[PDB]
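Protein chains in written order, with the numbering used here: chain L, 1 to 374; chain C, 375 to 427; chain H, 428 to 612.
Even for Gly, the Cβ is constructed at its ideal location relative to N, Cα and C.
Take a look at the structure below.
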Amino acid sequence: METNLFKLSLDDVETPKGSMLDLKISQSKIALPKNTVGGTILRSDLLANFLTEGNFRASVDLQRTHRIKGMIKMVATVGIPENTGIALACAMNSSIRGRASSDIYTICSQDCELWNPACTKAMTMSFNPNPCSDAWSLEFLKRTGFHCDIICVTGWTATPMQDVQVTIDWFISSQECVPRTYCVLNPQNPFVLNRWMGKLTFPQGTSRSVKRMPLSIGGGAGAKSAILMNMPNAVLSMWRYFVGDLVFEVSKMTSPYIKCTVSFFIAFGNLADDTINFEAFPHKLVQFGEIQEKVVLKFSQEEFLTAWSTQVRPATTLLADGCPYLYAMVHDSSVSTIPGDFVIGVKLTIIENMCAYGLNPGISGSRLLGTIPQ
Amino acid sequence: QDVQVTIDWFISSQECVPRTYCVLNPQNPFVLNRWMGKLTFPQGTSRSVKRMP
Amino acid sequence: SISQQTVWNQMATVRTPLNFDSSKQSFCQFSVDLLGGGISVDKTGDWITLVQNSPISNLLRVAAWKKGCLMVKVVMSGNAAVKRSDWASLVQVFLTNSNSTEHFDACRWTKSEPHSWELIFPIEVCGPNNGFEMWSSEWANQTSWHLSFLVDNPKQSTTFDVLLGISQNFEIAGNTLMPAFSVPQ
RNA sequence: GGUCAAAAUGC
RNA sequence: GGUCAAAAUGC
RNA sequence: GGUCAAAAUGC
């Protein structure tokens, strides 16, 4: 008539499996006050504090399970009409050491995604918090500093009628965690860099409103009296000279109602803004579909002859750069029927088929990178 | 200004098929078609929760 | 791989208090957190410290997970008006993972070379993730690498310069989200 | 490269 | 009849 | 289930 406790199944060390419902760990509601200006920290905390925000089916499983060999899945949601737009981002970095920066340079290297709710009414990011292995723990997330920053990069185009709320659904995924380590002296391929290369703003009118971006990319971001930094750059700067194929990601952050055809090419800084003749250069013309927000741009390694310098002193006059630049131009005009400024953000996602000849002793600080209102 | 809906009426190429109801021996799928409500959600961040019997 | 010879890069430059009263003792004391990026100092004086916003210095401050071998170099540039028959200074160097008295020393060097000395040695970062370590994290009551110093007649053995170099096998992963580094002038 | 999206619906 | 117990352990 | 939509255009 007796029961053996020993042969009871109370000692199962396994990763939660189930339906997207069953594997729901939390529900965070984030607030998007209609007077939001851009560069605004909507909520910066600890992941573990983000996940511990509701009692949902695998919630205790998150807390009373020591090894989770699956992935944190976010599902965000806020709908905004087509005559306005906000540019939000979820940045997950691996630790915070103090009163840290919440730019976008500084918070987009590990795993972060930008989205204009007017175009993308529901985003889903998945990440692996221990970039070094295949499992995580809540206590890990807790006692290590895993951070989640939710910021506005380019504020409202049109100010909505009342406040808004972004609801992020958090879950554990059905897919395994895969590492992403960096050997600093023997890079991989494709090398993951993820660099905010700039927030390009084109005013309304018939101005070629030509934006030039340095292709020298070590030290990182400039600050008044300081340098801003993210690992994927830290390491790059460990090298001296570089080449490869540069893959850029152009995102629209303004309201699908602000129109422009933007022309991208590759040149040098010695050219005047009135150079009729550039479009006689390899160039690619970009145009955004109403609800289209991401154009991926690929420049091949054949657009560069010789490797270039990883760093160039900050004063080096647009007449002395011997390093290739990434020029963006208005091929037509900026046109709208509502006040607004066309804003598109550029992020260097991966350098593919890289070649790094060298080792950089260093050069003090770096130059500035675009930003501004809304 | 004002608007006008123009309805075009026609006789169709397709046959008429009955739909009768036995009240004590329903069919399947039973056709009910019931206005279960006009749910109105004001602008803002209100869970503006609507419950229907 | 990716390599170049004799290209090391700067991290530390510690200078000794000028105001030092050879009366409340003979020595001055200081430490460098190699894997953290912080110079901790005495209350002996007004110390002049600088950490260099180097490719590496820069890198180690930002990279949350560290596995591998780094190369260190400490150089003593001293007071050269002091006549070599008149030298009274040693400088005791230590290598620990905590700034605790209860922790024990890894390596221990003591150098007493007039006006200048050099010291080249390997440090290796071994940790609990997959062999990866995080700066003084509570996770596996984790630690670092510290290079502390003790200067006797600090008016003589005046300046200290710390350089490190990287190993073909240094691997990082993750971003320790850090404030803006301050750049002089 | 990861992520993501996609390879579509009804009884 | 249900339940339960049982058809056993170690690297 | 009905309805509806759809399985697409040009000489």
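Local Cβ density within 10 Å of residue i, reported as buried at 16 or more and exposed below that
i	result
residue 584 of chain H	buried
residue 178 of chain L	exposed
residue 448 of chain H	exposed
residue 460 of chain H	buried
residue 599 of chain H	buried
residue 418 of chain C	exposed
residue 29 of chain L	exposed
residue 395 of chain C	exposed
residue 209 of chain L	buried
residue 551 of chain H	exposed
residue 219 of chain L	buried
residue 237 of chain L	buried
residue 221 of chain L	buried
residue 560 of chain H	buried
residue 580 of chain H	buried
residue 410 of chain C	exposed
residue 302 of chain L	exposed
residue 342 of chain L	buried
residue 110 of chain L	buried
residue 74 of chain L	buried
residue 154 of chain L	buried
residue 199 of chain L	buried
residue 130 of chain L	buried
As assigned by DSSP and simplified to three states, the class of residue i
i	result
residue 93 of chain L	strand
residue 529 of chain H	coil
residue 399 of chain L	For residue 399 of chain L there is no data in the structure shown, the boundaries of chain L being 1 and 374.
residue 436 of chain H	strand
residue 49 of chain L	helix
residue 574 of chain H	strand
residue 543 of chain H	strand
residue 86 of chain L	coil
residue 535 of chain H	strand
residue 277 of chain L	helix
residue 21 of chain L	coil
residue 78 of chain L	coil
residue 295 of chain L	strand
residue 598 of chain H	strand
residue 286 of chain L	strand
residue 560 of chain H	strand
residue 334 of chain L	strand
residue 303 of chain L	helix
residue 348 of chain L	strand
Proximity test, residue i beta-carbon vs the ligand NAD heavy atom, cut-off 7 Å
i	result
residue 36 of chain L	What this structure holds is no ligand at all, so the ligand NAD is not there to describe.
Exercise. With 9 Å as the limit, tell me which residues of the stretch 155 to 188 of chain L have their beta carbon closer than that to any beta carbon of chain C; keep them in chain order.
Key: So the close ones are 160, 161, 162, 163, 164, 165.
Self-check item: Interfacial residues, the stretch 549 to 569 of chain H to chain L, with Cβ spacing under 7 Å
Solution: Residues of the stretch 549 to 569 of chain H with a C-beta atom less than 7 Å from some C-beta of chain L are 556, 557, 559, 561, 564, 565, 566, listed in chain order.
Quiz prompt | Touching by the beta-carbon criterion (3+ pairs, under 8 Å), the stretch 352 to 370 of chain L and the stretch 254 to 270 of chain L | solution = Result no; under three Cβ-Cβ pairs closer than 8 Å.
Self-check item: Unbroken stretches of the alpha helix (DSSP H), 4 residues or longer, contained in the stretch 199 to 255 of chain L
Solution: Whole alpha helix (DSSP H) segments, 4+ residues: 231 to 234.
Self-check item: Interface positions of the stretch 76 to 105 of chain L facing chain H (Cβ-Cβ less than 7 Å), listed along the chain
Solution: Result list: 93, 94, 95, 96, 97, 98, 99, 100, 101.
Quiz item: Touch check for the stretch 348 to 368 of chain L and the stretch 244 to 254 of chain L: three-plus C-beta pairs under 8 Å?
Solution: Touching, yes, given that three or more Cβ pairs across the two stretches are closer than 8 Å.
Self-check item: Touching by the beta-carbon criterion (3+ pairs, under 8 Å), the stretch 225 to 242 of chain L and the stretch 101 to 119 of chain L
Solution: Short answer: they touch.
Quiz item: Which residues, in order along the stretch 591 to 609 of chain H, keep a beta-carbon less than 7 Å from a beta-carbon of chain L?
Solution: Listed by position along the chain: 593, 595, 597, 598, 599, 600, 601, 602, 603, 604, 605, 606, 607, 608, 609.
Exercise. Let me know the alpha helix (DSSP H) ranges lying completely inside the stretch 138 to 198 of chain L, each 4 residues or longer, listed in chain order.
Key: The qualifying runs are 138 to 142.
Practice problem: Could you tell me which uninterrupted beta strand (DSSP E) segments, each at least 3 residues in length, are contained entirely in the stretch 429 to 506 of chain H, listed from first to last along the chain? | Solution: Every beta strand (DSSP E) stretch that sits fully inside the stretch 429 to 506 of chain H and reaches 3 residues is listed by chain position as 436 to 442, 454 to 460, 465 to 467, 475 to 478, 493 to 504.
Quiz item: Would you say the stretch 116 to 124 of chain L touches the stretch 178 to 189 of chain L, given that touching needs at least three Cβ pairs under 8 Å?
Solution: Taking 8 Å as the limit for Cβ pairs, the verdict is that the stretch 178 to 189 of chain L does not touch the stretch 116 to 124 of chain L.
Practice problem: Flag this pair as touching only if the stretch 160 to 169 of chain L and the stretch 313 to 324 of chain L have three or more C-beta atom pairs under 8 Å; answer yes or no. | Solution: With the cut-off at 8 Å, the stretch 160 to 169 of chain L and the stretch 313 to 324 of chain L do not touch.
Exercise. Give the residues from the stretch 402 to 415 of chain C that approach chain L closer than 8 Å (Cβ to any Cβ), ordered along the chain.
Key: Residues: none.
Quiz item: Touching or not, the stretch 199 to 213 of chain L and the stretch 330 to 347 of chain L, by the rule of three or more beta carbon pairs under 8 Å?
Solution: Under the three-pair Cβ rule at 8 Å, the stretch 199 to 213 of chain L counts as touching the stretch 330 to 347 of chain L.
Quiz prompt | Where the stretch 431 to 443 of chain H meets chain L: residues whose CB sits under 9 Å from a CB there | solution = Near chain L, meaning a CB-to-CB distance below 9 Å, the residues of the stretch 431 to 443 of chain H are 431, 432, 434, 435, 436, 437.
Practice problem: Determine contact between the stretch 281 to 289 of chain L and the stretch 135 to 147 of chain L, defined as no fewer than three beta-carbon pairs at a distance below 8 Å. | Solution: For the pair of segments examined, the stretch 281 to 289 of chain L was found not to touch the stretch 135 to 147 of chain L: the number of CB pairs separated by less than 8 Å stays below three.
Self-check item: Chain-ordered residues of the stretch 335 to 369 of chain L with a beta carbon less than 7 Å from chain H
Solution: Cβ contacts with chain H: 356, 358, 359, 360, 361, 362, 364, 365.
Quiz item: the stretch 236 to 249 of chain L: which residues have C-beta closer than 8 Å to a C-beta of chain H, in chain order?
Solution: Under the 8 Å Cβ criterion, the stretch 236 to 249 of chain L contributes 237, 238, 239, 240.
Quiz item: Using 8 Å as the Cβ pair cut-off and three pairs as the minimum, do the stretch 528 to 538 of chain H and the stretch 477 to 490 of chain H touch?
Solution: Segment contact: the stretch 528 to 538 of chain H against the stretch 477 to 490 of chain H, fewer than three CB-CB distances shorter than 8 Å; contact not assigned.
Quiz item: Using a Cβ cut-off of 7 Å, which residues of the stretch 47 to 68 of chain L contact any Cβ in chain H, in chain order?
Solution: Using a CB distance below 7 Å, no part of the stretch 47 to 68 of chain L faces chain H.
Exercise. Residues of the stretch 116 to 132 of chain L with a CB closer than 8 Å to any CB of chain H: list them in chain order, please.
Key: Answer set for the stretch 116 to 132 of chain L: 130, 131, 132.
Practice problem: Compile a chain-ordered list of the residues in the stretch 460 to 485 of chain H whose CB is closer than 9 Å to at least one CB of chain L. | Solution: Those residues of the stretch 460 to 485 of chain H that come within reach of chain L (Cβ to Cβ, closer than 9 Å) are 463, 479, 480, 481, 482, 483, 484, 485.
Exercise. Select from the stretch 484 to 498 of chain H all residues with a C-beta closer than 9 Å to any C-beta belonging to chain L, and list them in chain order.
Key: Answer set for the stretch 484 to 498 of chain H: 484, 485, 486, 487, 488, 489, 490, 491, 492, 494, 495.
Practice problem: Would you be able to state if there are at least three C-beta pairs under 8 Å between the stretch 2 to 17 of chain L and the stretch 59 to 77 of chain L? | Solution: The stretch 59 to 77 of chain L is in contact with the stretch 2 to 17 of chain L.
Quiz prompt | Stretch pair the stretch 514 to 522 of chain H + the stretch 257 to 273 of chain L: three plus CB contacts closer than 8 Å | solution = When Cβ pairs closer than 8 Å are counted between the two stretches, the stretch 514 to 522 of chain H is seen not to touch the stretch 257 to 273 of chain L, the count staying below three.
Self-check item: the stretch 590 to 598 of chain H contacting the stretch 85 to 97 of chain L, beta-carbon criterion three pairs below 8 Å
Solution: Short answer: they don't touch.
Quiz item: Would you say the stretch 82 to 91 of chain L touches the stretch 59 to 67 of chain L, given that touching needs at least three Cβ pairs under 8 Å?
Solution: Taking one beta carbon from each stretch, the stretch 82 to 91 of chain L and the stretch 59 to 67 of chain L have fewer than 3 pairs nearer than 8 Å; the two do not touch.
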